[PDB]
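In PDB author numbering, the protein residues as written are 1 to 114.
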């Protein structure tokens with residue numbers, strides 16, 4: 001980034017992934033993952049606290065201890081408890097977490113098969 005360390009200097013750096021969650025009904029079927037805020041050096045970041053097993057977040061690709069970079073094209077730091085709640089009260093949510101590459105590419109999970 002800037003005014004700091006240049007993350008990991010490698011020919012193959014980390015990779016981001018867009019995980020969008022969609023529910024059938026918000027009246028009953030409500031997410032089961034909580035979002036925590038961690039302030040460090042003035043930089044406020046978001047991190048998953050818990051994730052419901054029999055839910056969407058989990059099956060999707062979320063786990064207790066993730067790193068939230070952006071939410072629906074919004075800066076976590078910019079979003080506060082108030083906003084966060086609003087986002088959690090929606091049928092569809094779009095989170096942006098980071099991950100590391102690995103020689104596990106081949107077949108994707110889902111209906112699209114054949």
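The C-beta atom is built at its ideal place from N, Cα and C for all residues, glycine as well.
| Query | Result |
| --- | --- |
| Whose C-beta lies closer than 6 Å to the C-beta of residue 26 among residues of the same chain, with five residues either side of it excluded? | 91 |
| Shortest alpha-carbon distance to residue 76 belongs to which of 60, 42 and 105? | 42 |
| Tell me whether the segment 49-59 and the segment 69-89 touch, counting them as touching only if at least three CB pairs, one residue from each stretch, are closer than 8 Å. | no |
| Where does residue 48 land, buried or exposed, given buried means 16+ other C-beta within 10 angstroms? | buried |
| Kindly list the residues whose CB is nearer than 7 Å to the CB of residue 58, restricted to its own chain and excluding five residues on each side of it in sequence; keep chain order. | 51 and 52 |
| Looking only at C-alpha atoms, which of 83, 87 and 102 sits nearest to residue 21? | 87 |
| Applying the criterion that 16 or more other CB atoms from any shown protein chain within 10 Å of the CB defines a buried residue, is residue 123 buried or exposed? | Given a span of 1 to 114 for the chain in the structure shown, any question on residue 123 remains unanswerable. |
| Relative to the C-alpha of residue 83, which residue among 114, 101, 17 and 37 is closest? | 37 |
| On a Cα-Cα basis, can you pick out the residue from 44, 18 and 40 that is closest to residue 61? | 18 |
| Cα-Cα, which of 7, 34 and 8 is closest to residue 89? | 34 |
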